[PDB]
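Encoded as structure tokens, the structure appears first; notes follow it.
Protein chains get the first letters and strands the later ones, always in sequence-line order, with residue 1 at the start of each. Any value given below was found using the heavy atoms of this structure, including those in side chains, with hydrogens, waters and symmetry copies removed.
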Amino acid sequence: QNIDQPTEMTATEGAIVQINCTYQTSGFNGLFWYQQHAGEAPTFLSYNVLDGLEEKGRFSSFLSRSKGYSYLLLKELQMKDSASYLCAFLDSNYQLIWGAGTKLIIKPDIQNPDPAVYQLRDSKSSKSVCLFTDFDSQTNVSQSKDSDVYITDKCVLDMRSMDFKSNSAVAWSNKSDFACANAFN
Amino acid sequence: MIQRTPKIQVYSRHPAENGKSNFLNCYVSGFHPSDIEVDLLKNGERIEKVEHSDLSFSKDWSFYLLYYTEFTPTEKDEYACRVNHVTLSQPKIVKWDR
Amino acid sequence: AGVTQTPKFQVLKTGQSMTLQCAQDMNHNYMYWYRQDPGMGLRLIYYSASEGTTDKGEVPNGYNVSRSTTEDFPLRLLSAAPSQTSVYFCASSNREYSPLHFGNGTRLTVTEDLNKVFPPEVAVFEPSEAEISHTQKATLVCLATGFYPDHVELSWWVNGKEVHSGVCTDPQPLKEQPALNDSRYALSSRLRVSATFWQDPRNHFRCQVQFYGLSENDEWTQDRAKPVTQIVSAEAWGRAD
Amino acid sequence: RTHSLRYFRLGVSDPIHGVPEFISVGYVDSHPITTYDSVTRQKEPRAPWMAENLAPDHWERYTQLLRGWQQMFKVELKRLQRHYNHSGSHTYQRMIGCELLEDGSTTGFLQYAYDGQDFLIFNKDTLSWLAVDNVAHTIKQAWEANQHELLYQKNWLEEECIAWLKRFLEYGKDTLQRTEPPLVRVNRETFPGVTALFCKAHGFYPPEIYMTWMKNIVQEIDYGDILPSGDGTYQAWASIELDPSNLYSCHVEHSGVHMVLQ
Ligand SMILES: *[C@H](C)/C=N/c1c(NC[C@H](O)[C@H](O)[C@H](O)CO)[nH]c(=O)[nH]c1=O
């Protein structure tokens, strides 16, 4: 009574991702896909029970009962599709068996990479953070290499104000010799 | 609403032979609604130890039941099934034959 | 309408008792209680096919439920244990085979010691003048540090009113010592606005971190201030300089 | 031979003392396999070979679904009575099932009755509901708006119901797949002068039997119903009158064997 979907998938804004789901069971009452945004409630996406494909907009769901196989197909990817995608089936006893979920990461298509590193000063203190910003989505942000230097995951902001999108990671340390360069390796 | 009055068939498990212990069956079928009251009679008095099937469902939505008792029949002993139901102003008595 | 689940956040000392409420106005026959944990599917704690019945799921141990009404399916933590630190979602479905409607969840942490609970210190870092001059844009950064458990909502306020566009918050708090399990957490956010907008002196920027901690009712015998559920804020004013 | 799995649901509004407002019984062929009701609030086996082969988890899980179906059924009935503007006690029935034929073929069916009369019949191939009146046609429009529900049923009738039947047929193979051959005798004067001939069969299983009279068919054969003998066998007869000197005979067919008694 097992179910497999991939832990993580990452795809470029505007492109296609196929999220596979496999399931061994002696008995089937349908397969579901739920969408879960970070910190939010899972929400119903798709029900399939017969073999074939269903389409609601940018989203398609396929099922092979025989191959015990499903896929969630997302077209024309948007930043808002960043979420976990949960597959589940009802067994013979109507027990809902949940997959571990797939975290879908969407990279924005940055047309004009302008990779800068900047230092922001504290509005009350001397104490300072470093902002690595405007870099290309195909850039990895490496770990600190130091216990007193903290580096966040890249965060994709969207200032619709100027139809502009950008990556950014933050770095910080109380150390009174640290600098914003060494940061981010 | 369409009420259906019970068909009542009385008979014995194996061919009947005076003195030979057999089993008296009362089959009540094709009735609606489900509520029903059955006793078996030896000489018009109720028989104390009777077994029966659970209420049973037909694909035509009507109900049937088997009511039966271990009995050894004879020349002078008369056997019947008595049935009551919303369809009947009085309990229907049905006597056994051959 | 849908499913309403309370509270959103709770910290408990080991061995304390706890009731999560969960209600729906949808006439749903099935209600469910799940716990969500890194690296595995939702795990059913209990469920209920109708008012007047309930039954164990895969992880019933440590929990009880009740279903006196169609509306309500409370989950009671009997004696709180570290292993119960999790995110709890209750769900409803019309039928055994219909789609689940979920509540917005309960983030729950169990600590052996309430002396480990600390509110966040919050700071707003002003945009780099190098950024202002090179991009015509200004990134404010908010830093929430030293808080336990990881039960914070960070929002941005401009002229005393909340704002969403040009905001990006780290989705998961960082650990200040990843070694420790009692480790306190940090969280960064950005708000990016046109350089022109940052320059207006009639703009207040306020970083609001709603922390969830001890209760005004909770006993406290440490010197430092009882680490209660509280809003902690830092601010910056616009300037042309 | 054709085998079948059937589940029935009976609901009664404003029942008498004792009479449960809900009953749900499962049959393989004419054997009952499972029982539930509003009084016992428990699913139980009605055959030892179900009891022997399905673990506690089974009865635990389906008790819960049936407590659910009980609830849903009280509400579907209470609503129908609103719709008809019917006060007092009425009944609501559901039968669902599948046949596994010998050709390997399958059938699936689901229908509802109100007061023992046909109300809604499902069609799993056109994924639609036949209705008998206005109030039924109203329930149809709701059920057909839900593509996902219609597809759930079609899959249950065609796949699940047949998978269940197959393992039930295995659990109870010695009961459900045995043959007990029939005793067929012909005994004979229905009034002074006129003679009738009685062809009688008993002690047979399965209950499906063909019995008729011939000459070397015959018009006006009085047939008697297939009745249960109480030992898990059945009995049945065919009678016929004789123009006061044609050569007659009783033909009987049961479970693959053909008999002639002259
Ligand atoms: C013991 C197996 C009781 N089951 C039962 C069922 N189960 C069959 C099927 O899963 C159910 O009818 C669904 O509604 C199909 O869509 N049905 C029933 O009516 N009574 C029972 O006792």
Of the backbone (N, CA, C, O) and the side chain (C-beta and beyond), which part of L66(B) lies under 4.5 Å from a heavy atom of chain D, both, or neither?
-> side chain
Side chain, backbone, both or neither: which part of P32(D) has a heavy atom under 4.5 Å from chain B?
-> neither
Write out all pairs satisfying salt bridge (charged side-chain N to carboxylate O under 4.0 Å, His left out) with one or both partners inside residues 76-90 of chain B, taking only residues at least two apart or from two chains.
-> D39(B)-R82(B), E78(B)-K95(B)
Can you tell which part of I16(D) gets under 4.5 Å to a heavy atom of chain B, answering side chain, backbone, both or neither?
-> side chain
Return one line per donor-acceptor pair between chain B and chain D under 3.5 Å, naming both atoms and the distance rounded to 0.1 Å.
residue: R4(B); atom: NH2; partner: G116(D); partner atom: O; Å: 3.0
residue: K7(B); atom: NZ; partner: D225(D); partner atom: OD2; Å: 3.2
residue: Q9(B); atom: NE2; partner: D225(D); partner atom: OD2; Å: 2.7
residue: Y11(B); atom: OH; partner: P228(D); partner atom: O; Å: 2.6
residue: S12(B); atom: O; partner: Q235(D); partner atom: NE2; Å: 3.2
residue: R13(B); atom: O; partner: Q235(D); partner atom: NE2; Å: 3.3
residue: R13(B); atom: NE; partner: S229(D); partner atom: O; Å: 3.0
residue: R13(B); atom: NH2; partner: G230(D); partner atom: O; Å: 3.4
residue: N25(B); atom: ND2; partner: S229(D); partner atom: O; Å: 2.8
residue: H32(B); atom: NE2; partner: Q93(D); partner atom: OE1; Å: 2.9
residue: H32(B); atom: NE2; partner: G116(D); partner atom: N; Å: 3.3
residue: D54(B); atom: OD2; partner: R46(D); partner atom: NE; Å: 3.0
residue: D54(B); atom: OD2; partner: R46(D); partner atom: NH2; Å: 3.2
residue: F57(B); atom: N; partner: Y27(D); partner atom: OH; Å: 3.0
residue: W61(B); atom: O; partner: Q93(D); partner atom: NE2; Å: 2.8
residue: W61(B); atom: NE1; partner: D118(D); partner atom: OD1; Å: 2.8

Please, which pairs that meet disulfide bond (SG atoms under 2.5 Å apart) have at least one residue in residues 7-98 of chain B, sequence neighbours excluded?
-> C26(B)-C81(B)
